[PDB]
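Next up: a single chain in C-alpha cells, the form deposited in one PDB entry.
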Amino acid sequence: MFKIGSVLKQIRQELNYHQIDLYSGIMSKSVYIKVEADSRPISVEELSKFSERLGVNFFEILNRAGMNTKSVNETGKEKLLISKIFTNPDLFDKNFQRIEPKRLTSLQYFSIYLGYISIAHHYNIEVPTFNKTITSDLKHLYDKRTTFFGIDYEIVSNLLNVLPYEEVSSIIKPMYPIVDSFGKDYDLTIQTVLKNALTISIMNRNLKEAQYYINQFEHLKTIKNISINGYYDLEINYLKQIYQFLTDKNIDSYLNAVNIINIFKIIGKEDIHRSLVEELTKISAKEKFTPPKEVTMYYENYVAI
C-alpha cells in the first residue's frame, strides 16, 4: 500500500535517530530494515510504538505516508469529483450513470450518490430514478441500525439538501444526542447535520424543531474532545439569534444575527457571506427552504461554488 516505511526512515534520520533507537525492544534489526524498506507490512501496534520512539504524531505519520486520502482512495476521488461537476455540469450525465447503480454498495457510495442528486437538482437536470428509490434506499440503509458512524451523519447531512425535512426527520432523531468524539472528521459531520437541520427548521418556521437542534449543538459543547467548528459556531449562533428574534421578538436579536453575518465578510469569507445574506433575506420574507443558487460545501474548509 502506502510507503509508511520510507516515511519512518525520513523522520528518524531528520531527528538523527539510529535504527537501534526504534526497533530495540520491538523487533529484530533484520526485519526492521524490511519494514523501513517497505517490503514488509507494518502492523498498527508496531507503527504506534515507533510513533512514540520518534516523538512525531501517529496520525501525522500516516498522513505523510499518503493517508492524505480524499483522493488516494476510490471513493475519495469520486467525492472531489462532485465539486468538479458542480462547476462543469456537462460532466454529470456520464459520471452519474456510473455512480447511480452502485449507490448501495457502501455508505460512502450512497453519500456520493446524494451529492450527484444535488447537482441534478441545482441544474434542473432530470433524475426520475431518485423519487422512485430514495424511500426504499433509506429503508434498506437505516431500518435496522443501532449505532451511527461519521459517514452516516454525512449522508443525512447531504440528504437534507435533496429531500423534504418531513422525510429525513425520523432518520435524524435516533442519531442524537452525541455522547463521545471519534475524530475531527466525525465531529465535523455531526455538527453539519445540526447546522443544516437548524437552518431548514428556522426557515420553515418549525420553531420547536429549531430549539431541539440548538440544544443538540449546545450539548456537543459539553463533550470535551468533540472539537467544535469555529465557522459553524458563528453560523449556528446567527440562526440561534434569528430563532430568538422570531419568538422573544427583540430587535437586538436580529441585529446580532446581522452582526454575525457581517463578521463573515470582514474576515474574507466572501463566498459564505454572500450565501448567508441570501439566506437572511428569505427568512425575513417567511420563505420555506428551497435549494438556493448558492451551494455551500465542506471538505477541508467551508466553501461555496
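Throughout, rigid core stands for the largest set of C-alpha atoms superposing within 1.5 Å between the two forms. In case it trips you up, residue 1 is the first one in the sequence shown, and so on.
Form deposited in another entry: not shown, discussed below.
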| item | value |
| --- | --- |
| Displaced residue check between this form and the one not shown: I11, CA, 2 Å or over, core reference | no |
| Core-aligned C-alpha movement of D21 between this form and the one not shown, 2 Å or more | no |
| Direction of the Cα shift between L246 and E287 in the other form, where the change is 3 Å or more | closer |
| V295 and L246, C-alpha gap in the other form relative to this structure (3 Å or more) | closer |
